[PDB]
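Residue numbers (the entry's author numbering), protein chains in the order written: chain P, 1 to 7; chain L, 1 to 214; chain H, 1 to 146, 151 to 235. Idealized CB from N, CA, C, for every residue including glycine. What follows is a short report on a single structure.
Below you can see the structure in the form of structure tokens.
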């Protein structure tokens with residue numbers, strides 16, 4: 001899944 | 001998981017040179033990429049973060065660029081402490097994968113290895129085990145392949161090898177490979193060969209001996 | 001200044017549980033967005049990401065080791081613990097913990113996430129070896145050689165545990181041409197290494213060669229004179 005700070 | 005491929009896997013250089021290392025991702029990771037330098041015996045050290053930001057305290061020699069699936073680390077004017085291993089790390093997706101690393105060593109002229117094969121000692125054979133060792137001495141570059149053959153049978157899974165750190169004076173490497181067999185199996189074969197392939201060798205060199213042949 | 005240091009058992013046996021602790025100073029696990037992760041490195045191999053925990057207690061694990069890992073933090077003692085169950089020889093490696101910056105804030109408002117894209121400070125790392133082996137001294141065997153070319157000879161230091169073992173030649177009087185290779189961890193759980201020395205070939209008749217082996221952990225000292233062979 002996407003990193004904690006992505007998007 | 002996301003795959004990070006560095007290139008080249010190994011790079012030879014000389015102090016003062018400019019080198020570039022690339023890291024390619026299997027999927028876009030935006031700008032979430034970091035570069036580290038790992039000197040022998042030490043933990044990794046952050047050089048560049050967020051693909052191109054220079055970490056505080058890191059010499060201006062280092063710079064990073066790229067985004068998405070293509071990244072490059074460049075060192076302008078290589079210094080002695082830069083002979084180390086570099087890794088890229090992706091932090092856009094979990095898990096935060098690392099590249100396989102790129103080893104940067106001191107360049108010198110190609111030098112084929114001197115190869116020697118050592119049969120097991122009668123002392124060891126008494127304990128029920130037979131270790132056959134093969135030595136590749138003072139060679140360069142570092143990459144070299146060793147293949148053990150017993151009575152023409154290629155051996156797999158029954159040998160282990162070690163390589164020395166680049167010599168401070170020679171800039172060469174040496175490698176030791178041990179083929180291990182039980183006394184029983186050892187005494188059941190005759191020809192033990194160590195085949196060596198290296199860039200410094202026009203063709204593979206094979207050192208061998210016949211067990212019991214005195 | 002931020003510093004981290006890993007602590008734990010240098011040796012653990014297969015099937016056992018390994019508990020590693022990361023003690024840090026210079027930041028708190030109550031600081032916004034900050035994280036502490038664990039990365040391992042098997043001897044001679046690449047770095048492998050294991051897990052990470054953040055100040056808000058969010059946790060993430062390597063999908064490959066998920067079922068065997070647990071990461072927890074003790075905010076008050078400035079520590080993060082990683083528990084790895086059912087270890088096996090392949091888990092032998094150097095384990096590092098590292099700090100991850102949280103988003104940069106301005107008067108409390110996050111204004112930049114660029115700093116989170118890296119693990120900026122690492123511990124020295126702790127080397128862990130997984131083996132069922134008990135302390136055992138090495139068995140030393142000769143590596144028998146053969151003007152013109154160069155000649156090679158040496159000693160095989162086999163089946164000892166744990167590391168390290170020291171090897172010198174001629175009580176330390178012979179150094180040039182010497183190559184002591186890094187030991188290899190055998191599937192048996194025991195170590196074995198070779199130490200060799202190359203010479204012109206002529207000296208094979210004038211100079212004698214003896215490898216001095218010392219494995220402190222087992223109180224084993226051995227000096228083996230290595231000559232060609234055939235009497």
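Three-state class that DSSP yields for residue i in the structure shown
i: residue 30 of chain L; result: coil
i: residue 16 of chain H; result: coil
i: residue 112 of chain H; result: strand
i: residue 26 of chain H; result: coil
i: residue 183 of chain L; result: helix
i: residue 89 of chain L; result: strand
i: residue 141 of chain L; result: coil
i: residue 81 of chain L; result: helix
i: residue 90 of chain H; result: helix
i: residue 44 of chain L; result: coil
i: residue 222 of chain H; result: helix
i: residue 68 of chain H; result: helix
i: residue 208 of chain H; result: helix
i: residue 75 of chain H; result: helix
i: residue 210 of chain L; result: strand
i: residue 176 of chain H; result: helix
i: residue 47 of chain H; result: coil
i: residue 142 of chain H; result: strand
i: residue 170 of chain L; result: coil
i: residue 235 of chain H; result: coil
i: residue 176 of chain L; result: strand
i: residue 31 of chain H; result: coil
i: residue 105 of chain L; result: strand
i: residue 215 of chain L; result: Absent from the structure is residue 215 of chain L, since the part of chain L shown begins at 1 and ends at 214.
Contact set between residue i and chain H, taken where Cβ atoms lie within less than 7 Å
i: residue 43 of chain L; result: 96, 122, 123, 124 and 125
i: residue 101 of chain L; result: 46
Bounding residues of the beta strand (DSSP E) (the contiguous stretch that carries residue i)
i: residue 13 of chain L; result: 10-13
i: residue 82 of chain H; result: 79-84
i: residue 6 of chain H; result: 3-7
i: residue 6 of chain L; result: 4-7
i: residue 195 of chain H; result: 195-203
i: residue 164 of chain H; result: 155-164
i: residue 162 of chain L; result: 159-163
i: residue 59 of chain H; result: 59-61
i: residue 116 of chain L; result: 114-118
i: residue 67 of chain L; result: 62-67
i: residue 25 of chain L; result: 19-25
i: residue 1 of chain P; result: It is not in any beta strand (DSSP E) - residue 1 of chain P carries neither H nor E in the DSSP assignment.
i: residue 229 of chain L; result: Residue 229 of chain L lies beyond the stretch modelled for chain L, which goes from 1 to 214, so this question has no answer here.
i: residue 107 of chain H; result: No beta strand (DSSP E) contains residue 107 of chain H, which DSSP labels as neither H nor E.
i: residue 73 of chain L; result: 70-75
Interface residues of chain P facing residue i [CB-CB closer than 7 Å]
i: residue 237 of chain H; result: This structure gives no information on residue 237 of chain H, because the portion of chain H shown stretches from 1 to 235.
i: residue 218 of chain L; result: This structure gives no information on residue 218 of chain L, because the portion of chain L shown stretches from 1 to 214.
i: residue 116 of chain H; result: 5
i: residue 91 of chain L; result: 3
Own chain, CB closer than 8 Å to residue i, minus 5 neighbours either side, in chain order
i: residue 103 of chain H; result: 32, 33, 110, 111, 112, 113, 115 and 116
i: residue 118 of chain L; result: 132, 133, 134 and 135
i: residue 79 of chain H; result: 21, 22, 23, 24 and 73
i: residue 175 of chain L; result: 113, 135, 136, 139, 144, 146, 161, 162, 163 and 164
i: residue 192 of chain H; result: 133 and 163
i: residue 151 of chain H; result: 204, 205 and 206
Cut-off 6 Å between Cβ atoms - residues of its own chain near residue i, not counting five sequence neighbours on either side
i: residue 93 of chain H; result: 40, 41 and 42
i: residue 123 of chain H; result: 4, 5, 6, 96 and 97
i: residue 27 of chain L; result: 2
i: residue 148 of chain H; result: In the structure shown, chain H runs from 146 directly to 151, leaving residue 148 of chain H without coordinates.
i: residue 52 of chain L; result: 64 and 65
i: residue 226 of chain H; result: 140 and 217
i: residue 74 of chain L; result: 20 and 63
i: residue 38 of chain H; result: 50, 51, 82 and 97
Chain-ordered chain P contacts of residue i [CB-CB under 8 Å]
i: residue 58 of chain H; result: 4
i: residue 54 of chain H; result: 4
i: residue 113 of chain H; result: 5
N- and C-terminal bounds of the alpha helix (DSSP H) containing residue i
i: residue 124 of chain L; result: 122-126
Within chain L, partners of residue i - CB distance below 9 Å
i: residue 144 of chain H; result: 118, 119 and 121
Neighbouring residues, chain P, relative to residue i (Cβ below 9 Å)
i: residue 94 of chain L; result: 1, 2, 3 and 4
i: residue 111 of chain L; result: By Cβ distance, chain P contributes nothing, its closest Cβ being about 45 Å from residue 111 of chain L, past 9 Å.
i: residue 32 of chain L; result: 3, 5 and 6
Per-residue contacts from residue i into chain L (C-beta, under 8 Å)
i: residue 106 of chain H; result: The contacting residues do not exist; residue 106 of chain H stays about 18 Å from chain L at best.
Contact set for residue i: own chain, Cβ-Cβ below 7 Å, skip 5 residues either direction
i: residue 95 of chain L; result: 1
Segment contact, 8 Å Cβ cut-off, at least three pairs: the segment 25-39 of chain L with the segment 86-99 of chain L: yes
Inset, instruction - Check whether the segment 7-24 of chain L touches the segment 111-121 of chain L, counting contact only when three or more Cβ pairs, one atom from each stretch, lie closer than 8 Å. - result: no
Measuring CB atoms only, is the segment 158-168 of chain H touching the segment 207-222 of chain H, in the sense that at least three cross pairs come out at less than 8 Å?
yes
- Query: Can at least three beta-carbon pairs, one atom from the segment 95-109 of chain L and one from the segment 126-134 of chain L, be found at a separation below 8 Å?
  - Reply: no
### Query
Below 8 Å, can you find three or more Cβ-Cβ pairs linking the segment 135-144 of chain H to the segment 51-70 of chain L?
no
*If you pair each beta-carbon of the segment 196-203 of chain L with each one of the segment 45-53 of chain H, do three or more pairs fall below 8 Å?*
Segments in contact, no.
The segment 187-194 of chain L / the segment 141-150 of chain L touching (three or more Cβ pairs under 8 Å): yes
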